[PDB]
Amino acid sequence: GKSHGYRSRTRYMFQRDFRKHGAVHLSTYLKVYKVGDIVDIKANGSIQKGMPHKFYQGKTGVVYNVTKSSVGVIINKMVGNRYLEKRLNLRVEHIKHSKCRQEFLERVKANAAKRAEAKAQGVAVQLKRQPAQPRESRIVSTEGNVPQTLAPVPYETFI
Amino acid sequence: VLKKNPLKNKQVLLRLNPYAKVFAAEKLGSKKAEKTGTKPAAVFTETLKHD
Amino acid sequence: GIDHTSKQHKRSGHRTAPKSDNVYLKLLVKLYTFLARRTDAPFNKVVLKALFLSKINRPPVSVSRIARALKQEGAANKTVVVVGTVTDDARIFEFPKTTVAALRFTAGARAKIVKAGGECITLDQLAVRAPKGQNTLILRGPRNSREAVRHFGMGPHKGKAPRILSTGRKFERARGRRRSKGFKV
Amino acid sequence: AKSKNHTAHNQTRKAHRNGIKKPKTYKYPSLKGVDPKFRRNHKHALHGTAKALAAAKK
Amino acid sequence: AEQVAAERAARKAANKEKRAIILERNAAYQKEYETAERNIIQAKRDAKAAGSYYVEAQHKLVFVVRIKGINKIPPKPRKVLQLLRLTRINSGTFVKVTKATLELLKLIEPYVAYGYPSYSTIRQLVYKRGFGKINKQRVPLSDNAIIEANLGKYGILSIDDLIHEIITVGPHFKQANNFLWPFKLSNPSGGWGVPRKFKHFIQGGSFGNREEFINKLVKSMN
Amino acid sequence: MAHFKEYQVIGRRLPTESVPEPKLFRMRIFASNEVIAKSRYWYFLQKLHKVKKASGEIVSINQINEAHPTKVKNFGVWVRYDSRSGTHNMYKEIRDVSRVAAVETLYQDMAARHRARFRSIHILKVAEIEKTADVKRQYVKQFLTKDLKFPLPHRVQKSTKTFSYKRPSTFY
RNA sequence: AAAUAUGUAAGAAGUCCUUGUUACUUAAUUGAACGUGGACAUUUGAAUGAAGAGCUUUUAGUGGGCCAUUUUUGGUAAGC
RNA sequence: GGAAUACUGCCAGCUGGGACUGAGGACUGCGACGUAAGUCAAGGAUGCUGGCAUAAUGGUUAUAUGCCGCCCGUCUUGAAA
RNA sequence: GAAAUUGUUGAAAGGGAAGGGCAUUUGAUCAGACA
C-alpha cells in the first residue's frame, strides 16, 4: 500500500551538507531569540529531537515563545481556501536568524538620519525607494575605438 | 447631452485650449528652422561606407 | 466582451427602507430622510440606518443602561437617544433627571423617568429640538446576548452551546464530552 | 465498473472563487502555549503596575 | 432683486483670468516642446561633426493596446491585464517605464501591442477619447473646469496641463494617468497590415515591442 | 520578409565600473524597418560574443543607401542555410542593379528552389564582382556577351473586357 | 547545479529617548516582558490596481465527468 | 561643388463628393465673433417646396423567391440517432 | 354542442415529404388622421 509517514520523501531534504558532517559549530547555541523576532526554518539532520516537519523546511515565521532549549514560532499554513496559524516547537539547531529583516532596520535608521539633517536645511527629503529608471542620453566617442565589422561564421562541423 | 469632437469643430477648439486662436497666426506647424551648415566628421564616412 | 473582476449587478446588501408596514414608522423615515439630505450632519444619517434595522438588530435598552451612560465625564446633560424600546430595570434605585428620547416606552420605564423628574419624548420631538443632533448621545443595546447567538459556530473545541431540547443527565454528556468515555470533544 | 480515483483539477479555481485570505492578525494575540512560568510572573507584573497608577491618580 | 447682473458680471470677470492663466501657460509649453526637439537634433549633428555617436535617452512612457480578446487567457497574464485596466479588446492606457513595469509588459506580450507615442498621437487621444473618472463615473472632459475641479490640487487645471503631465513624466503622473478612463478605441481604418494578427511584429505579426511605428496604428484606431 | 532596406547597427555592451570604453562592435543588417534591424543585430552577437539585449545597448542605427543605384552590377553572395537535415553553405551569384535588390532576389530564389524560409537563412557576405571572367555561374555569364539581343516570342497581351470581337495575335 | 514555481519583509500595531511594575531571571536594577512620559506625519518608507473593506446566519444543487497544449507512468499500440 | 526628388513625420493647412443618425423640448452653462448694439456652426434640426388624403405608407394573411433551419421529452462525458 | 375526424362549396400551392426564421414582390384584407 501507500506510505505517508512522518519523514516520508525526505531522502535529500535532511542530508548533512556534504563535507560538513559531524558536530555543529557553537555559534548556533549562543544566538539569542526574543519574542517577535523573525526566523527561518532549516532542519538539521544530525539533531533528531525537536525536528520540524518536512512541510516547514524553508518557511519563515515569528517567534512567540522562548523555552529552555527550544523556541516557539508562528507559521501560516495554507489549507484549502484559507490560511491557518500553526504553532511549532523547534530547538535552536533547526532555526537561524532571518536576514530579510536585518537590512530593513538600518534603512529605518538611514531614513531617520536623512530626515533629521533635512529638517535643519530643507524640505523634500525624497526618502523613498525608486526602481531602476531608464538610462539617459550620453555621447559615444570612438577615439581609439574604431568599430570592428563582424559577420556570421560559415558552417563548420569540426567533429 | 452630446459629445462634440474637437479638431473638427472650431467652436469647441476655442473653448478648450485658448492658445489655438494664436496658433493659426504664425501657423506654428510650418515653422522654418534655422539652416545650419556643419558637416559630419570624416571618420563617420568610411564607417558607414565600410564593406 | 469585458473581463469582469467583480460581480455584475450586485446589490449593496444594506436596507434602504423598512420592511414593516407601519404608517407611523414611515412618517419618521420620511422626516429623517429630508433631514439627512439637507443638513450635512452625521447624526441624521445614523438615525436612518438605525430606523431600518430589524427587531433583533434593535435590542431593548434598559433604564439602568441609560443611567450608566449619564455618569460619564461631561455627559450628565446630553439627551439620550435610543432607536428602539426602553425597558424598566428594578435593580436600580437612583435615577437622574436627564430626558430620554426613544421610539417605544414600556409602562414601567415611562413611569420611572417621569417620577424622577425626567421627560419621555418621541423621535419627532427631537427634530424640532436638535435638527443637527446637538448635545445628543446615541445608545443601543447588546446584540450578542440573544439566545440564538450562543449556538452560532458550533464545532469541535468551540464550546458554543449545542442545540438541544431537554437538558440534564442522558442528554449529550456521554462519549464525546469527557475523557472517561472515549475522548474529550 | 472501475471509476476515477483522484484528481486535483478545478481545485485551485474553486479556492480562488472566494479568494485565499490572510489570517486576520490582531494586537495582543492569544497566549496559548506560552511558558507557564513566564505567564505566572507576568500576571503579577500587571497587578503591581495597576495599583501603581492607581496611587498616582488617586 | 439683486444677483441678476452683479455676480454674473463677477463670474464672467473671474473666469477671464483663468483663461489668461491657461493661455500663458499653454504658450510656455509650446516653446519648450520645440526647444527640446531642436536640441536633440542639434546634439546628433554636433556629435557626428565631432567624430562621435550621440545616443538618446530611453523612452519613459509607452502606450499599451490590448490585442487578444477575453477567452482562454492564463491566470498570470489575466491578473496583469486587470492591473493595467485593459479589460477589453482595443483598450489603451499609458504606462510609466520603470524596471517593475518593464517586467509586467513581458508577461502579457502575446496579448498586447505597445510602443512609444509621440506628441501628436497623445494630443489627439485626449481630445477625442478623453474621459475622466469622477466618483466612479465615466465623465467626458469637454471643459477645463471639470479637470480643475477634480485634479486642480496637483497643479493641472486645463486640458493641456494634463497632456503636458503625460508626455513629460513629472511627479504627478500616477494621479494624472489614473484620472483618465481607459481609452476605448475602434478597429483600425486601414486594417492591421498583416495577414495574421497573433504573431510577433519582428516575425511579421502585431504584438510585442513596437516602437514609433505605433503612432501610425494608434491614429488609425482613433 | 518585406521590401528590404540596409542598415548598420553598433553595439556597446554596457560599460561597467571595471572596464570602460568597450570595443563598439558593428555589422550590416538587411531588414524591412528599424524594428527588425535591431532584433537581427542581437541575433548574431549572441553567436559571436558573450552579450544579450539586457546586457548591452544600441549606439546608432543608420540606413545605408546605394552609392550607384542606377548601375547594373554582378554580386557574389555567400549564404548559410538550414535544410530539413543538416546545415549547408552555398555561394550564389545574382546580377542586379543594387545591393538591396540582389538580396530580394536571393530570398525568393532560396525559398523557391530549396524551400528555405527567412528564419533559416544567414547572410554571410555580399560583394560586388569587379571584373568579368570571374563569374563562375552559367546563368549570369549569358548576359555578359557582346551585343546581346534576344526576342520575346508568344506575347500574352492581357485584356480587360470579357468578350473580344477579334481573334488575338501573339506577334512581336 | 538551473529555468519555471515557492516562504518572508518593504513601518504609527513604527523608531528613538526617559524610568515604573514583577512572586520571573541575574553575582548585581542585570535581563526579560508589559507600561508611564517625550520626540519624529502623510514622497510615512517600492511599482500598479481597486464597481470598497471586514463579519455572520441560513439553505439549494453536486460528490459517474470528458477534451486539448505541455510534463509523465503501464502497454507493441489504441478514439486504451 | 550646388540643387531637385523619393521616403518617413507634422500642420490648433485648405477644399470637394457619398452614406447613416435628428435623441432632448421655456430660460440658466462654457465660449467665439463684434467699438457697441448684439449675433453665432456655443449644454441634441431647422427652413423652403411638392405630392397624396387614398390603399400612398403601414399592419395582418396566403403564395412566390434568396439564404438558413435534422425531433420532441428523457438518462447521459456525449442524442437528429 | 368544443376538439380529434368527415362531406360539400370557395380560395391557393404542389418535379422523391411537409411544417419554420429573416427580407421583399404579388393577391386578399384592415386601420388611422382628415382640423
Side-chain angles (χ1 to χ4, degrees), chain A residues 34-35 38-41 56-62 66 75-76 98-105 107-109 111-112 115-116 119 124-131, chain B residues 1-2 4 6-7 9-24 27-31, chain C residues 4-8 10 148-149 152-153, chain D residues 1 3-4 7 9 24-28 35 37-53 56, chain E residues 15 19 79-80 82-85 95-96 98-101 103-104 118-120 123 127 136 142-145 171 174 178 212-213 215-216, chain F residues 5 63:
Chain A
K34 313 198 300 166
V35 167
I38 291 189
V39 294
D40 49 352
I41 308 171
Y56 300 100
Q57 170 99 340
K59 301 296 188 291
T60 295
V62 193
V66 186
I75 314 292
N76 291 338
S98 172
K99 292 220 301 182
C100 53
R101 173 136 289 271
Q102 183 66 41
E103 289 91 6
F104 172 61
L105 277 296
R107 206 164 53 85
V108 173
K109 184 174 73 68
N111 276 329
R115 205 202 284 259
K119 298 298 293 295
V125 176
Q126 190 58 255
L127 57 85
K128 274 191 183 187
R129 280 179 309 165
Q130 283 307 306
Chain B
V1 306
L2 170 74
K4 290 188 183 287
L7 294 174
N9 202 316
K10 293 182 183 293
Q11 287 309 303
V12 180
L13 178 61
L14 300 173
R15 170 203 300 171
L16 325 178
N17 196 16
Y19 188 66
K21 176 188 167 314
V22 307
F23 198 95
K27 298 287 287 185
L28 294 175
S30 299
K31 182 63 69 177
Chain C
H4 290 310
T5 42
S6 68
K7 194 144 293 197
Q8 293 310 119
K10 182 175 73 175
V149 169
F152 290 161
Chain D
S3 60
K4 183 174 174 67
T7 196
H9 199 74
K24 180 71 154 303
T25 178
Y26 302 101
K27 197 179 178 177
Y28 307 101
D35 192 17
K37 199 208 280 193
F38 161 73
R39 185 177 65 246
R40 206 183 295 118
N41 185 58
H42 189 260
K43 174 200 283 197
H44 298 322
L46 292 182
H47 289 170
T49 192
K51 66 183 291 294
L53 271 73
Chain E
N15 287 345
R19 282 293 282 246
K79 178 69 175 171
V80 168
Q82 290 159 14
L83 290 183
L84 294 188
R85 310 182 298 166
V95 175
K96 189 175 177 299
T98 54
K99 185 57 174 63
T101 70
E103 294 293 328
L104 277 179
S118 68
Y119 173 65
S120 49
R123 190 181 152 264
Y127 288 165
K136 317 300 175 296
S142 172
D143 194 44
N144 279 324
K174 193 213 203 300
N178 202 247
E212 293 83 3
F213 293 93
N215 314 309
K216 209 174 80 72
Chain F
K5 294 163 204 63
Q63 189 183 7

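In the text below, chain A, chain B and the rest are named by the order of the sequence lines, each starting its count at 1.
Comparing the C1' positions of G34(H) and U57(H) gives an interatomic distance of 50 Å, to the nearest angstrom.
Applying the 3.5 Å cutoff to both bonds, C30(H) and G35(G) do not register as a Watson-Crick or G-U wobble pair. A Watson-Crick or G-U wobble pair does not link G58(H) to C52(H) when both relevant atom distances must lie under 3.5 Å.
Out of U44(G), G65(G), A51(G), the shortest distance to the side chain of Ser6(C) is found at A51(G). Nearest nucleotide to the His44(D) side chain, out of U44(G), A23(G), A12(H): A23(G). Nearest to the side chain of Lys128(A), among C33(H), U43(G), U15(G), sits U43(G). In this structure, the nucleotide among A50(G), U8(G), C34(G) sitting nearest to the side chain of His42(D) is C34(G). Comparing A41(G), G43(H), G7(G) by their closest approach to the side chain of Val1(B) singles out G43(H).
The pentose of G16(H) is categorized as north (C3'-endo side) on the basis of a positive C1'-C2'-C3'-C4' torsion.
Computed from coordinates, the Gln82(E) CD to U48(G) P distance equals 18 Å when rounded to whole Å.
Scanning atom types as modelled, no donor and acceptor separated by under 3.5 angstrom connect the side chain of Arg40(D) and the base of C24(G).
OP1 or OP2 of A12(H) has not a single side-chain nitrogen or oxygen of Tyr119(E) nearer than 4.0 Å.
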